[PDB]
file upload-v2.pdb (PDB, N, CA, C and O atoms)
MODEL        1
ATOM      1  N   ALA A   3     -11.891  36.785  48.392
ATOM      2  CA  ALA A   3     -12.694  37.850  47.686
ATOM      3  C   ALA A   3     -13.442  37.351  46.404
ATOM      4  O   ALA A   3     -14.677  37.439  46.363
ATOM      5  N   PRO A   4     -12.715  36.819  45.364
ATOM      6  CA  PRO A   4     -13.418  36.302  44.164
ATOM      7  C   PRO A   4     -13.993  34.870  44.278
ATOM      8  O   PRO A   4     -14.707  34.483  43.344
ATOM      9  N   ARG A   5     -13.710  34.090  45.351
ATOM     10  CA  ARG A   5     -14.567  32.883  45.681
ATOM     11  C   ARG A   5     -16.101  33.274  45.737
ATOM     12  O   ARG A   5     -16.951  32.681  45.056
ATOM     13  N   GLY A   6     -16.403  34.310  46.522
ATOM     14  CA  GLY A   6     -17.743  34.890  46.615
ATOM     15  C   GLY A   6     -18.328  35.285  45.283
ATOM     16  O   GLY A   6     -19.487  34.966  44.976
ATOM     17  N   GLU A   7     -17.564  35.969  44.446
ATOM     18  CA  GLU A   7     -18.141  36.413  43.182
ATOM     19  C   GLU A   7     -18.361  35.224  42.226
ATOM     20  O   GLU A   7     -19.320  35.215  41.442
ATOM     21  N   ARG A   8     -17.494  34.211  42.290
ATOM     22  CA  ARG A   8     -17.736  32.999  41.513
ATOM     23  C   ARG A   8     -19.047  32.308  42.004
ATOM     24  O   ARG A   8     -19.828  31.849  41.227
ATOM     25  N   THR A   9     -19.240  32.233  43.303
ATOM     26  CA  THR A   9     -20.485  31.650  43.878
ATOM     27  C   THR A   9     -21.689  32.448  43.420
ATOM     28  O   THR A   9     -22.676  31.899  42.891
ATOM     29  N   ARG A  10     -21.605  33.757  43.550
ATOM     30  CA  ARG A  10     -22.696  34.616  43.035
ATOM     31  C   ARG A  10     -23.067  34.352  41.583
ATOM     32  O   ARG A  10     -24.277  34.202  41.214
ATOM     33  N   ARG A  11     -22.057  34.303  40.718
ATOM     34  CA  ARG A  11     -22.298  34.105  39.298
ATOM     35  C   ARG A  11     -22.827  32.692  38.974
ATOM     36  O   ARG A  11     -23.719  32.565  38.146
ATOM     37  N   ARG A  12     -22.246  31.645  39.575
ATOM     38  CA  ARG A  12     -22.751  30.271  39.350
ATOM     39  C   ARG A  12     -24.204  30.113  39.777
ATOM     40  O   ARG A  12     -24.942  29.414  39.104
ATOM     41  N   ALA A  13     -24.626  30.811  40.823
ATOM     42  CA  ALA A  13     -26.020  30.750  41.227
ATOM     43  C   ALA A  13     -26.906  31.332  40.160
ATOM     44  O   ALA A  13     -27.950  30.743  39.838
ATOM     45  N   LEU A  14     -26.506  32.448  39.564
ATOM     46  CA  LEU A  14     -27.307  33.001  38.477
ATOM     47  C   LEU A  14     -27.332  32.065  37.269
ATOM     48  O   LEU A  14     -28.366  31.866  36.631
ATOM     49  N   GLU A  15     -26.177  31.523  36.935
ATOM     50  CA  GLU A  15     -26.057  30.630  35.810
ATOM     51  C   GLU A  15     -26.981  29.402  35.924
ATOM     52  O   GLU A  15     -27.578  29.013  34.934
ATOM     53  N   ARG A  16     -27.049  28.816  37.114
ATOM     54  CA  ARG A  16     -27.946  27.702  37.418
ATOM     55  C   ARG A  16     -29.381  28.083  37.060
ATOM     56  O   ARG A  16     -30.081  27.354  36.356
ATOM     57  N   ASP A  17     -29.823  29.227  37.563
ATOM     58  CA  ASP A  17     -31.195  29.674  37.326
ATOM     59  C   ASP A  17     -31.467  29.981  35.862
ATOM     60  O   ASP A  17     -32.539  29.690  35.359
ATOM     61  N   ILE A  18     -30.532  30.644  35.173
ATOM     62  CA  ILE A  18     -30.743  30.915  33.757
ATOM     63  C   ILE A  18     -30.804  29.577  32.974
ATOM     64  O   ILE A  18     -31.686  29.402  32.127
ATOM     65  N   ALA A  19     -29.934  28.620  33.294
ATOM     66  CA  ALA A  19     -29.970  27.346  32.598
ATOM     67  C   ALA A  19     -31.351  26.687  32.765
ATOM     68  O   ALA A  19     -31.878  26.131  31.815
ATOM     69  N   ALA A  20     -31.936  26.758  33.966
ATOM     70  CA  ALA A  20     -33.233  26.147  34.192
ATOM     71  C   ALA A  20     -34.304  26.825  33.351
ATOM     72  O   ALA A  20     -35.183  26.148  32.830
ATOM     73  N   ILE A  21     -34.229  28.152  33.201
ATOM     74  CA  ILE A  21     -35.158  28.894  32.314
ATOM     75  C   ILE A  21     -35.052  28.448  30.864
ATOM     76  O   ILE A  21     -36.074  28.200  30.221
ATOM     77  N   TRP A  22     -33.819  28.350  30.342
ATOM     78  CA  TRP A  22     -33.604  27.806  29.002
ATOM     79  C   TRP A  22     -34.185  26.393  28.848
ATOM     80  O   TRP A  22     -34.800  26.056  27.845
ATOM     81  N   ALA A  23     -33.910  25.532  29.808
ATOM     82  CA  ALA A  23     -34.315  24.152  29.700
ATOM     83  C   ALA A  23     -35.813  24.060  29.661
ATOM     84  O   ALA A  23     -36.354  23.333  28.843
ATOM     85  N   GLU A  24     -36.473  24.778  30.569
ATOM     86  CA  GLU A  24     -37.936  24.778  30.650
ATOM     87  C   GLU A  24     -38.505  25.316  29.384
ATOM     88  O   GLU A  24     -39.419  24.744  28.849
ATOM     89  N   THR A  25     -37.956  26.413  28.888
ATOM     90  CA  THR A  25     -38.498  27.026  27.697
ATOM     91  C   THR A  25     -38.319  26.149  26.476
ATOM     92  O   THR A  25     -39.201  26.101  25.628
ATOM     93  N   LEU A  26     -37.173  25.475  26.382
ATOM     94  CA  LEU A  26     -36.867  24.658  25.206
ATOM     95  C   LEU A  26     -37.354  23.231  25.381
ATOM     96  O   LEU A  26     -37.126  22.387  24.518
ATOM     97  N   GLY A  27     -38.055  22.981  26.487
ATOM     98  CA  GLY A  27     -38.542  21.664  26.848
ATOM     99  C   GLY A  27     -37.491  20.567  26.984
ATOM    100  O   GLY A  27     -37.708  19.469  26.484
ATOM    101  N   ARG A  28     -36.379  20.822  27.672
ATOM    102  CA  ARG A  28     -35.362  19.787  27.884
ATOM    103  C   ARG A  28     -35.185  19.582  29.362
ATOM    104  O   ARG A  28     -35.553  20.476  30.126
ATOM    105  N   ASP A  29     -34.675  18.411  29.775
ATOM    106  CA  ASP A  29     -34.473  18.152  31.190
ATOM    107  C   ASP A  29     -33.441  19.123  31.731
ATOM    108  O   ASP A  29     -33.528  19.567  32.861
ATOM    109  N   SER A  30     -32.464  19.438  30.900
ATOM    110  CA  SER A  30     -31.489  20.448  31.242
ATOM    111  C   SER A  30     -30.722  20.882  30.005
ATOM    112  O   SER A  30     -30.783  20.252  28.931
ATOM    113  N   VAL A  31     -30.003  21.973  30.202
ATOM    114  CA  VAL A  31     -29.225  22.604  29.167
ATOM    115  C   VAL A  31     -27.831  22.879  29.767
ATOM    116  O   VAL A  31     -27.718  23.399  30.898
ATOM    117  N   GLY A  32     -26.792  22.520  29.018
ATOM    118  CA  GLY A  32     -25.394  22.815  29.429
ATOM    119  C   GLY A  32     -25.009  24.324  29.296
ATOM    120  O   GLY A  32     -25.570  25.037  28.472
ATOM    121  N   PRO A  33     -24.058  24.790  30.112
ATOM    122  CA  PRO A  33     -23.670  26.197  30.110
ATOM    123  C   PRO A  33     -23.119  26.743  28.766
ATOM    124  O   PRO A  33     -23.235  27.942  28.530
ATOM    125  N   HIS A  34     -22.570  25.880  27.903
ATOM    126  CA  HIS A  34     -21.911  26.311  26.670
ATOM    127  C   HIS A  34     -22.577  25.841  25.411
ATOM    128  O   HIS A  34     -21.985  25.964  24.326
ATOM    129  N   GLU A  35     -23.828  25.366  25.528
ATOM    130  CA  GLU A  35     -24.551  24.901  24.338
ATOM    131  C   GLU A  35     -25.149  26.050  23.578
ATOM    132  O   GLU A  35     -25.782  26.910  24.168
ATOM    133  N   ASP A  36     -24.987  26.071  22.258
ATOM    134  CA  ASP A  36     -25.501  27.201  21.446
ATOM    135  C   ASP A  36     -27.040  27.200  21.329
ATOM    136  O   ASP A  36     -27.643  26.166  21.019
ATOM    137  N   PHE A  37     -27.655  28.369  21.509
ATOM    138  CA  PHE A  37     -29.110  28.577  21.521
ATOM    139  C   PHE A  37     -29.780  27.955  20.313
ATOM    140  O   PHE A  37     -30.810  27.322  20.449
ATOM    141  N   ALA A  38     -29.216  28.200  19.140
ATOM    142  CA  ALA A  38     -29.820  27.735  17.892
ATOM    143  C   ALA A  38     -29.614  26.249  17.729
ATOM    144  O   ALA A  38     -30.488  25.573  17.190
ATOM    145  N   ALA A  39     -28.460  25.748  18.171
ATOM    146  CA  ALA A  39     -28.204  24.306  18.177
ATOM    147  C   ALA A  39     -29.226  23.585  19.039
ATOM    148  O   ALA A  39     -29.589  22.460  18.728
ATOM    149  N   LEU A  40     -29.727  24.235  20.082
ATOM    150  CA  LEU A  40     -30.808  23.676  20.901
ATOM    151  C   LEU A  40     -32.209  23.792  20.267
ATOM    152  O   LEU A  40     -33.190  23.429  20.910
ATOM    153  N   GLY A  41     -32.305  24.272  19.025
ATOM    154  CA  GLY A  41     -33.601  24.549  18.385
ATOM    155  C   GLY A  41     -34.255  25.868  18.824
ATOM    156  O   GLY A  41     -35.462  26.073  18.627
ATOM    157  N   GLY A  42     -33.479  26.772  19.409
ATOM    158  CA  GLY A  42     -34.063  28.024  19.871
ATOM    159  C   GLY A  42     -34.536  28.873  18.695
ATOM    160  O   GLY A  42     -33.790  29.049  17.738
ATOM    161  N   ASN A  43     -35.759  29.410  18.782
ATOM    162  CA  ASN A  43     -36.315  30.345  17.801
ATOM    163  C   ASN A  43     -36.682  31.673  18.480
ATOM    164  O   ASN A  43     -36.505  31.833  19.691
ATOM    165  N   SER A  44     -37.202  32.607  17.698
ATOM    166  CA  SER A  44     -37.542  33.944  18.173
ATOM    167  C   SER A  44     -38.548  33.907  19.328
ATOM    168  O   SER A  44     -38.367  34.623  20.314
ATOM    169  N   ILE A  45     -39.558  33.025  19.259
ATOM    170  CA  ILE A  45     -40.512  32.868  20.356
ATOM    171  C   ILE A  45     -39.796  32.455  21.661
ATOM    172  O   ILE A  45     -40.060  33.029  22.744
ATOM    173  N   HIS A  46     -38.868  31.488  21.566
ATOM    174  CA  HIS A  46     -38.114  31.032  22.752
ATOM    175  C   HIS A  46     -37.222  32.147  23.321
ATOM    176  O   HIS A  46     -37.102  32.307  24.559
ATOM    177  N   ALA A  47     -36.581  32.873  22.417
ATOM    178  CA  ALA A  47     -35.689  33.992  22.796
ATOM    179  C   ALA A  47     -36.462  35.004  23.649
ATOM    180  O   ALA A  47     -35.959  35.474  24.673
ATOM    181  N   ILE A  48     -37.691  35.339  23.219
ATOM    182  CA  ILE A  48     -38.501  36.318  23.934
ATOM    183  C   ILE A  48     -38.855  35.785  25.300
ATOM    184  O   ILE A  48     -38.749  36.517  26.305
ATOM    185  N   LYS A  49     -39.273  34.509  25.357
ATOM    186  CA  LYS A  49     -39.753  33.912  26.617
ATOM    187  C   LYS A  49     -38.621  33.783  27.606
ATOM    188  O   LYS A  49     -38.781  34.092  28.786
ATOM    189  N   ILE A  50     -37.488  33.258  27.155
ATOM    190  CA  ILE A  50     -36.293  33.187  28.022
ATOM    191  C   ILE A  50     -35.913  34.572  28.556
ATOM    192  O   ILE A  50     -35.698  34.752  29.765
ATOM    193  N   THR A  51     -35.860  35.557  27.665
ATOM    194  CA  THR A  51     -35.454  36.883  28.091
ATOM    195  C   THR A  51     -36.466  37.493  29.074
ATOM    196  O   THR A  51     -36.090  38.056  30.118
ATOM    197  N   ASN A  52     -37.745  37.422  28.750
ATOM    198  CA  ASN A  52     -38.762  37.885  29.672
ATOM    199  C   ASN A  52     -38.567  37.311  31.076
ATOM    200  O   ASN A  52     -38.705  38.020  32.068
ATOM    201  N   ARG A  53     -38.278  36.024  31.160
ATOM    202  CA  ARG A  53     -38.132  35.341  32.444
ATOM    203  C   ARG A  53     -36.855  35.682  33.149
ATOM    204  O   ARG A  53     -36.814  35.768  34.365
ATOM    205  N   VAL A  54     -35.786  35.867  32.392
ATOM    206  CA  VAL A  54     -34.523  36.272  33.034
ATOM    207  C   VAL A  54     -34.685  37.717  33.570
ATOM    208  O   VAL A  54     -34.204  38.027  34.644
ATOM    209  N   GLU A  55     -35.384  38.595  32.841
ATOM    210  CA  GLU A  55     -35.613  39.927  33.316
ATOM    211  C   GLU A  55     -36.433  39.907  34.632
ATOM    212  O   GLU A  55     -36.153  40.683  35.567
ATOM    213  N   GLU A  56     -37.475  39.082  34.690
ATOM    214  CA  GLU A  56     -38.253  38.948  35.946
ATOM    215  C   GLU A  56     -37.301  38.415  37.016
ATOM    216  O   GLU A  56     -37.271  38.927  38.103
ATOM    217  N   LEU A  57     -36.476  37.434  36.686
ATOM    218  CA  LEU A  57     -35.525  36.866  37.669
ATOM    219  C   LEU A  57     -34.587  37.873  38.359
ATOM    220  O   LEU A  57     -34.414  37.811  39.569
ATOM    221  N   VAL A  58     -34.002  38.803  37.590
ATOM    222  CA  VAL A  58     -32.984  39.765  38.097
ATOM    223  C   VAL A  58     -33.599  41.135  38.318
ATOM    224  O   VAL A  58     -32.948  42.077  38.752
ATOM    225  N   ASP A  59     -34.889  41.224  38.027
ATOM    226  CA  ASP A  59     -35.675  42.444  38.160
ATOM    227  C   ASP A  59     -35.044  43.633  37.437
ATOM    228  O   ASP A  59     -34.880  44.710  37.987
ATOM    229  N   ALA A  60     -34.732  43.441  36.171
ATOM    230  CA  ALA A  60     -34.115  44.468  35.348
ATOM    231  C   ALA A  60     -34.436  44.173  33.902
ATOM    232  O   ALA A  60     -34.453  43.021  33.515
ATOM    233  N   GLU A  61     -34.617  45.215  33.097
ATOM    234  CA  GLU A  61     -34.907  45.068  31.673
ATOM    235  C   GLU A  61     -33.610  44.733  30.900
ATOM    236  O   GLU A  61     -32.561  45.199  31.228
ATOM    237  N   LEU A  62     -33.703  43.874  29.914
ATOM    238  CA  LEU A  62     -32.590  43.401  29.130
ATOM    239  C   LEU A  62     -32.995  43.341  27.654
ATOM    240  O   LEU A  62     -34.073  42.852  27.327
ATOM    241  N   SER A  63     -32.092  43.770  26.783
ATOM    242  CA  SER A  63     -32.256  43.630  25.361
ATOM    243  C   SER A  63     -32.262  42.177  25.058
ATOM    244  O   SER A  63     -31.587  41.335  25.710
ATOM    245  N   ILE A  64     -33.050  41.834  24.054
ATOM    246  CA  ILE A  64     -33.030  40.499  23.470
ATOM    247  C   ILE A  64     -31.621  40.168  22.875
ATOM    248  O   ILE A  64     -31.225  38.999  22.777
ATOM    249  N   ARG A  65     -30.880  41.209  22.509
ATOM    250  CA  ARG A  65     -29.481  41.062  22.062
ATOM    251  C   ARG A  65     -28.586  40.370  23.097
ATOM    252  O   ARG A  65     -27.585  39.790  22.744
ATOM    253  N   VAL A  66     -28.958  40.407  24.357
ATOM    254  CA  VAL A  66     -28.140  39.817  25.376
ATOM    255  C   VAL A  66     -28.115  38.276  25.136
ATOM    256  O   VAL A  66     -27.047  37.680  25.030
ATOM    257  N   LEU A  67     -29.262  37.657  24.926
ATOM    258  CA  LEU A  67     -29.287  36.242  24.545
ATOM    259  C   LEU A  67     -28.715  36.025  23.150
ATOM    260  O   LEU A  67     -27.953  35.092  22.919
ATOM    261  N   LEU A  68     -29.147  36.839  22.188
ATOM    262  CA  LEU A  68     -28.894  36.514  20.792
ATOM    263  C   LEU A  68     -27.477  36.828  20.375
ATOM    264  O   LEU A  68     -27.031  36.314  19.369
ATOM    265  N   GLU A  69     -26.760  37.628  21.156
ATOM    266  CA  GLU A  69     -25.352  37.935  20.837
ATOM    267  C   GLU A  69     -24.364  37.118  21.687
ATOM    268  O   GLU A  69     -23.192  36.995  21.341
ATOM    269  N   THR A  70     -24.833  36.542  22.790
ATOM    270  CA  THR A  70     -23.960  35.692  23.590
ATOM    271  C   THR A  70     -24.189  34.213  23.249
ATOM    272  O   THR A  70     -23.247  33.473  23.152
ATOM    273  N   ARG A  71     -25.461  33.829  23.087
ATOM    274  CA  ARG A  71     -25.906  32.543  22.567
ATOM    275  C   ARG A  71     -25.677  31.323  23.460
ATOM    276  O   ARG A  71     -26.043  30.235  23.053
ATOM    277  N   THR A  72     -25.027  31.453  24.614
ATOM    278  CA  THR A  72     -24.937  30.355  25.575
ATOM    279  C   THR A  72     -25.480  30.830  26.908
ATOM    280  O   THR A  72     -25.587  32.056  27.171
ATOM    281  N   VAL A  73     -25.845  29.876  27.753
ATOM    282  CA  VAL A  73     -26.284  30.211  29.085
ATOM    283  C   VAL A  73     -25.141  30.909  29.844
ATOM    284  O   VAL A  73     -25.387  31.911  30.526
ATOM    285  N   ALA A  74     -23.916  30.353  29.784
ATOM    286  CA  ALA A  74     -22.760  30.992  30.501
ATOM    287  C   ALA A  74     -22.451  32.428  30.001
ATOM    288  O   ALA A  74     -22.124  33.308  30.795
ATOM    289  N   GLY A  75     -22.523  32.614  28.687
ATOM    290  CA  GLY A  75     -22.302  33.898  28.038
ATOM    291  C   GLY A  75     -23.341  34.894  28.499
ATOM    292  O   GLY A  75     -22.999  35.990  28.895
ATOM    293  N   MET A  76     -24.607  34.480  28.490
ATOM    294  CA  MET A  76     -25.702  35.338  28.902
ATOM    295  C   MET A  76     -25.568  35.706  30.337
ATOM    296  O   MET A  76     -25.795  36.869  30.717
ATOM    297  N   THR A  77     -25.217  34.721  31.156
ATOM    298  CA  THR A  77     -25.012  34.918  32.586
ATOM    299  C   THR A  77     -23.977  36.010  32.831
ATOM    300  O   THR A  77     -24.175  36.938  33.631
ATOM    301  N   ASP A  78     -22.859  35.886  32.147
ATOM    302  CA  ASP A  78     -21.771  36.833  32.301
ATOM    303  C   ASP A  78     -22.200  38.208  31.871
ATOM    304  O   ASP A  78     -21.844  39.159  32.542
ATOM    305  N   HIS A  79     -22.961  38.326  30.779
ATOM    306  CA  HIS A  79     -23.409  39.622  30.206
ATOM    307  C   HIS A  79     -24.493  40.261  31.084
ATOM    308  O   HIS A  79     -24.704  41.486  31.064
ATOM    309  N   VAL A  80     -25.273  39.428  31.770
ATOM    310  CA  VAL A  80     -26.211  39.918  32.773
ATOM    311  C   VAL A  80     -25.450  40.240  34.072
ATOM    312  O   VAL A  80     -25.644  41.275  34.609
ATOM    313  N   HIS A  81     -24.596  39.347  34.570
ATOM    314  CA  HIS A  81     -23.875  39.485  35.897
ATOM    315  C   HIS A  81     -23.014  40.705  35.987
ATOM    316  O   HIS A  81     -22.721  41.171  37.140
ATOM    317  N   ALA A  82     -22.626  41.182  34.780
ATOM    318  CA  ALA A  82     -21.875  42.423  34.522
ATOM    319  C   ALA A  82     -22.739  43.626  34.770
ATOM    320  O   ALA A  82     -22.362  44.534  35.528
ATOM    321  N   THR A  83     -23.871  43.656  34.088
ATOM    322  CA  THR A  83     -24.875  44.711  34.258
ATOM    323  C   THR A  83     -25.206  44.995  35.754
ATOM    324  O   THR A  83     -25.116  46.126  36.264
ATOM    325  N   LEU A  84     -25.533  43.926  36.460
ATOM    326  CA  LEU A  84     -25.659  43.963  37.919
ATOM    327  C   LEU A  84     -24.330  44.305  38.727
ATOM    328  O   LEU A  84     -24.395  44.312  39.950
ATOM    329  N   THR A  85     -23.177  44.588  38.081
ATOM    330  CA  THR A  85     -21.872  44.847  38.771
ATOM    331  C   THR A  85     -21.086  46.023  38.107
ATOM    332  O   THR A  85     -21.660  46.942  37.499
TER     333      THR A  85
ENDMDL
END

call {"tool": "encode", "arguments": {"input": "upload-v2.pdb", "output": "structure tokens"}}
result
Amino acid sequence: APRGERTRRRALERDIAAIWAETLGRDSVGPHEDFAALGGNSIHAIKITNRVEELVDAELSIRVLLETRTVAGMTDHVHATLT
């Protein structure tokens, strides 16, 4: 039962990490790296969030990125909304 839900969530996490990496101009971003430690600013926060919203086809507060601050944290806070 939760093998499936772990697979579901890791797939989202992969995609969100790629959005962060592209936006922040890095080859990749780790699941637990802090947004600000990566040089993330308000412009990046908006772009990442806009793209994650297009990805899951749902509107999300910018607080979702800015209060979780990691790709894994954001994933979980989004994966919840969808569940």

call {"tool": "residues_around", "arguments": {"input": "upload-v2.pdb", "residues": "region 24-37 of chain A", "least_positions_apart": "5", "cutoff": "6 Å", "atoms": "only C-alpha atoms", "output": "list in words"}}
result
residues 19, 42, 71, 72, 73 and 74 of chain A

call {"tool": "atom_distance", "arguments": {"input": "upload-v2.pdb", "atom1": "CA of residue 57 (chain A)", "atom2": "CA of residue 18 (chain A)"}}
result
8.6 Å

call {"tool": "residues_around", "arguments": {"input": "upload-v2.pdb", "residues": "residue 14 (chain A)", "least_positions_apart": "3", "cutoff": "8 Å", "atoms": "only N, CA, C and O atoms", "output": "ChimeraX atom specification"}}
result
/A:7-11,17-21,73,76-78,81

call {"tool": "select_by_dssp", "arguments": {"input": "upload-v2.pdb", "residues": "chain A", "states": "helix (DSSP H, G or I)", "output": "number ranges by chain"}}
result
A: 4-25, 44-58, 65-70, 73-83
